[PDB]
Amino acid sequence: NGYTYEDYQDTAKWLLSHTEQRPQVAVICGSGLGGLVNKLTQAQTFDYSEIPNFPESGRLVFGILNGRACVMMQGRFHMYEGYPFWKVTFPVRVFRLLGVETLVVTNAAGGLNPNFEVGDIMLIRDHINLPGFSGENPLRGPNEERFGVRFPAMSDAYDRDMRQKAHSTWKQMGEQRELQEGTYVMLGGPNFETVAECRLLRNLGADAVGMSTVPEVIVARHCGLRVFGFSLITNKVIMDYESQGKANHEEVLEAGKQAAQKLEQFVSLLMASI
């Protein structure tokens, strides 16, 4: 870890003296949810560039959403951009020092489960941390007891009650497609997977594949935060050689734009379940 405990405190101190807002919930906006910061009331924005110690991008926005005090990251950091996990997850620890109690994390992912369709929303019930198997972990290094324990458990990382309420909220929205729920696997990227790799990941028990989130969840659980997350299925991964399809970021972005309104409403409504 490159940051000292003091660096985290210094950043939290700067934020507390520049806004009267005191968030209880933090939201890391993944693909398709970037526009959520526009729904906040009594909002205050800080470009990441103005906040001491923050990694380069991106804006941090404080405000009220459906009755809850929130702090949102419009744009996140990725291992594929060259960032070490201690940088990617820096904001999570700052949020804890600010008084946050719940972390909502979202992303865009390729569908491995054959029953998923583009546009589906998949609640993350569990994850598979591939980089972690090789030691690439935000917790690598001496443990800071002021945040958490040396060996934190992860089998109960995704809050059960929040997932239960998510389905209830979904029914109230009267959506046609059912709300999916499964396992998210994280890999480094930035290239899209080969057919052999996709077949491999599905056989490992994964339902969706992406390049983020897991590191943030690990750090959040370590410092005691409640966690809720979901993936927007932006594409169905290619599983055979006779297929003419091919993953492409252009289409992925469009899927995100198409689901934007739905994702924003979903999140706003679930604020009351926290």
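The first residue of the sequence shown is number 1, and the count goes up from there.
- In every other compared PDB entry of this protein that covers both flanking sides, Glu50 is modelled, so it falls short of the one-third threshold for missing coordinates.
- Residue-level annotation: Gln244 lacks coordinates in a third or more of the other entries compared, counting only those that model residues on either side of it.
- A chain break between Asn66 and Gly67 is not present, all residues of the deposited sequence in that interval being modelled.
- Stretch comparison (261-269 versus 7-15) by mean CA B-factor in the PDB entry places 261-269 on top.
- The PDB entry reports B-factors from which the mean C-alpha value can be compared for 86-94 and 161-169; the larger average falls on 161-169.
- Note on the listed residues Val27, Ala208, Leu60, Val37: the highest Cα temperature factor in the record is that of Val37.
- Ranking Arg199, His127, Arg150, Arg177 by Cα temperature factor from the entry places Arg177 first.
- Annotation for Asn191: CA B-factor lies in the lowest third of the chain's modelled residues.
- In the PDB entry, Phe230 places in the lowest third of its chain by CA B-factor.
- In this PDB entry, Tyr48 carries a Cα temperature factor that places it within the lowest third of its chain's modelled residues.
- When the modelled residues of the chain are ordered by C-alpha B-factor, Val214 sits in the lowest third.
- When all modelled residues of the chain are sorted by CA temperature factor, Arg146 is found within the highest third.
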